[PDB]
Every structure is written in C-alpha cells, then in structure tokens.
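Down below is the structure, laid out as structure tokens.
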Amino acid sequence: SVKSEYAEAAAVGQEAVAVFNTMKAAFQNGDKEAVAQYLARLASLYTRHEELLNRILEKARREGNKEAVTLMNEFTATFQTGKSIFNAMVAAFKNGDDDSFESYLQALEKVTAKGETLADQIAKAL
C-alpha cells in the first residue's frame, strides 16, 4: 500500500536523522574524514527519500486522495528547503568554511524539526 511505502520512506528519513547526528558529533570533534563519509551517506539517503516521496505523491494523485496530495505537496516543498540547505552545507565543507557549515547545520535541524507534525499528518492521511 501507499501507507506501507510511506512507512518505508519514513524509515529512510530516520536513517538520515541518525547519520546526521553522528555527522554533527564528528564535525564538532574535527574528524573531517568521518564527516566526508557521513555527508556522502546522507546524499545517498536524501536522494532515495526524495524519490520515494515523489512516488507516494504520484500514487496519492492517481488515487484521488486530495487531502494526502495537499499534505504531500506541502511536505515535499519543505523537503527541498532542507535539501538546499544540505547542499550548501556540503559546499561549506568542501570550501573549509566551518562558520557556514555550523550555520547551515543548525538551520537544517530547525527545518527538519518544524516539518515533523506534517510528516505525522501524512501517515494518517494516506
């Protein structure tokens, strides 16, 4: 079902949460080699989550589930906000700009925290 697909997509999102919080500890400790690897892992995780979400939104559209489509439009938009901040973070790491990396990291945390009530609302809607 689209609901199990959303639970499967949510689990991937939570994997990225885990690798992010590990990445944050490594950044604070100055273990740049670990950070590089975690950033690659996150890129792969976010790329998968985005594709899953897009499939869920298409299926909800084909099913005519207007409320779920509304929420998935809202949530996917926020996803891109978090994604763009992530990409700027990766660029800050490449550039050696730890001040920017810290800024983007905190912003990505807040964008993620805000979007959680909506994430829960989608599970119930599908």
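Going by the numbering used here, the sequence shown opens with residue 967, and the numbers climb by one from there. The beta-carbon is built from N, C-alpha and C at its ideal position, and this holds for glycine as well.
In terms of Cα proximity to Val968, the closest of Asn1039, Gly1062, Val1077 and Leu1019 is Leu1019. For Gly996, no alpha helix (DSSP H) run applies, since DSSP gives it neither H nor E. Of all C-beta pairs linking the segment 1033 to 1050 to the segment 1064 to 1072, fewer than three are shorter than 8 Å, placing the two stretches out of contact. Contact between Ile1022 and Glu971 holds, with the beta-carbon distance rounding to 6 Å and staying under 8 Å. Taking C-alpha positions only, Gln1072 is separated from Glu974 by approximately 26 Å. Contact check for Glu1033 and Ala1091: beta-carbon distance about 5 Å, within the 8 Å limit, so the pair qualifies.
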